[PDB]
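These notes concern the structure reproduced below.
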Amino acid sequence: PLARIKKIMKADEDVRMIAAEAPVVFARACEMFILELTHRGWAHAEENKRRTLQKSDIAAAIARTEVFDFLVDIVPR
Amino acid sequence: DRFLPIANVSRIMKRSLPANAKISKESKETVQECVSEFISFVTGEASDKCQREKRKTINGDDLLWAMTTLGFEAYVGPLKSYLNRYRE
């Protein structure tokens, strides 16, 4: 979804032009980001012996990951 | 103008999890906005580096500088081989 990754990249302040390679490297970076967030969420879900990945699990993944300290605005801890 | 990414997030999550694992309605969406926040949090850090050099364009070398400074060391390894191949 190259167009939106550019649209959101320039929607939020960006410095003018975007090289064509930046959204391509971003979608892959977004792909690896969903992985780690989904890996970390389901690890919390499976540790609680639940087979359903719910909204609560992503809050736990953001909470104790210092890598995702910037995401606590979305999840009420 | 904080637009959301596509429903293609659903399918990336499904391939990330084992076969015996299924996903909720709003856990789909929580990631959709956590990855929308991820694009803005990276673009802003790299934009500052671009301005340090009065550069009016943002490239893949800046986004990967941004994720290195912001603390995604697990990402910059594979992403370098992916970006250099895109130019190969």
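Ideal geometry is used to build each Cβ from the backbone, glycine not excepted, and the neighbour counts take in all protein chains shown. Rule-based calculations on the coordinates, nothing more; no lab input.
Observations on the structure shown:
- Cβ-Cβ FRET estimate between A:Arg51 and B:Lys54, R0 fixed at 45 Å, reported to 0.05: 0.25
- Each residue of the stretch A:72-77 is assigned a 3J(HN,Hα), and the resulting list reads 5, 5, 8, 10, x, 6 Hz, derived from the Karplus form 6.51 cos²θ - 1.76 cosθ + 1.60 (θ = phi - 60°), x at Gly and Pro.
- Projected label distance in nm at B:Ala74 and B:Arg87, using a 7 Å step from Cα toward the beta-carbon: 2.7
- Quarter of the Cα convex hull surface for the protein assembly as shown, i.e. its orientation-mean projected area (nm²): 9.6
- Across peptide A:37-48, the mean count of Cβ atoms from other chains lying within 10 Å of each residue's own Cβ comes to 4.
- Taken over chain B, the alpha-carbon convex hull comes to 132 cubic angstrom per residue.
- Taking the charge dipole of chain B about its Cα centre, with +1 at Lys and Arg Cβ atoms and -1 at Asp and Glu Cβ atoms, the residue from B:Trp65, B:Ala7, B:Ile39 reaching farthest to the positive side is B:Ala7.
- Counted by Cβ distance under 13 Å from A:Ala60, the other residues give a net charge of +2, where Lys and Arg count +1 and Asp and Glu count -1.
- Alpha-carbon centroid distance for the pair the stretch B:1-45 / the stretch A:15-45, whole angstrom: 9
- Two-site FRET efficiency, B:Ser24 against A:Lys10, from Cβ-Cβ distance with R₀ of 30 Å, rounded to 0.05: 0.40
- Shown in residue order for the stretch B:21-36 are the 3J(HN,Hα) couplings computed by the Karplus curve 6.51 cos²θ - 1.76 cosθ + 1.60 at θ = phi - 60°: 10, 10, 10, 8, 4, 9, 5, 4, 7, 4, 5, 4, 8, 5, 7, 5 Hz (x for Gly and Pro).
- Computed packing ranks the peptides B:72-80, A:21-29, A:7-15 as A:21-29, A:7-15, B:72-80, most packed first, by mean other Cβ atoms within 10 Å.
- Relative to the longest principal axis of the Cα atoms of chain A, the long axis of helix A:2-11 lies at roughly 80 degrees.
- Other protein chain C-beta atoms within 10 Å of residue C-beta, averaged over B:75-84: 3.
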